[PDB]
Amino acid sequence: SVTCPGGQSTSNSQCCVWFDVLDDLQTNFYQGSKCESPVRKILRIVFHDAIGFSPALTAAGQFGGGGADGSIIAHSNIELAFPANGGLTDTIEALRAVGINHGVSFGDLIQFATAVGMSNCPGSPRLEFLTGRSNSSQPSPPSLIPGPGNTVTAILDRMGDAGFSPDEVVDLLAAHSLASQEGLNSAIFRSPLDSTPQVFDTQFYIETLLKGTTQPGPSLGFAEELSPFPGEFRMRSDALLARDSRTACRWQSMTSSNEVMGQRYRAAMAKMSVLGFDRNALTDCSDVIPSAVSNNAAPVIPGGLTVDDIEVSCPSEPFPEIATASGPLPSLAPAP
């Protein structure tokens, strides 16, 4: 409909400023449209920002949090002191400056930077992007972010309160396919959670189901489990969700199709992006988001492992026929 100053066509004039913050983020924050640590950090930030939302706290007369309101930036002084929020300061400051510089709300900017960062990573779906979230927020209540040492019941209850079913919790975890850890075991900084930390694929679901065989570092860190090969980190909550009867069959269904995984993740992320808001009050600017390059590799059980090495945990459906790789056990380099 509209033609923005830069000659791009868009659906609504409110979308035009987003082509300028697209260019700045690609050039600066993402260092030339790369899929490296800034994208992984933004993905952890969108989750920590949107999940500070609790209907139970509201019901009990308390402030339950505003959801996807950008409070992790506006109130970074209080939220970054939460233990779930370590390692985020530098990224929050960079985002703060872009927000102030372009005059966009912090809640909208975090949703936008997530859709743009994912477009830099092969295999990613185009995420929906809505604009209009109010820039005003209150600090998130503490203790609303799931931790790696929590039990599956604990995570499902917390997530359930925020609004997600057990299935959507599994769908949301596709983001650990572009992930590493830096603070659980600092001795193996940026150790990846799957073998392709730069490709949005099914490898994370396959690899967390393999038998934990290897200790990747000198000792075990906080909530660390044995992993399937050198260089890969496995955290307890992911190991447990892959195997718990409440989530095991959805986890297994996510292993053979990058197309089904991406559709499911896109839907759960659209839901998460409007926690605390009425999406009917927001303007759709999804056409601003570029396409990612496609991932053409098929799912594989890496380095010589076979089906016999995966701990099948869904009792009702057989494990999918996934390709095996004819090689020695990989050793993963740190995520870039």
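We number the residues from 1 along the sequence you see.
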item	value
Stretch with the greater mean C-alpha B-factor as recorded in the entry, comparing 215-223 against 86-94	215-223
Mean Cα B-factor comparison, 76-84 or 201-209, giving the higher one as deposited	76-84
Highest recorded Cα temperature factor - choice among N120, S237, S143, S195	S143
Lowest, middle or highest third - CA B-factor, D284	middle
Third assignment of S105 from its chain's C-alpha B-factors	lowest
Ranked C-alpha temperature factor of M269 among modelled chain residues, by third	lowest
Third of the chain's Cα B-factor distribution that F233 belongs to, per the entry	lowest
Lowest, middle or highest third - CA B-factor, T151	middle
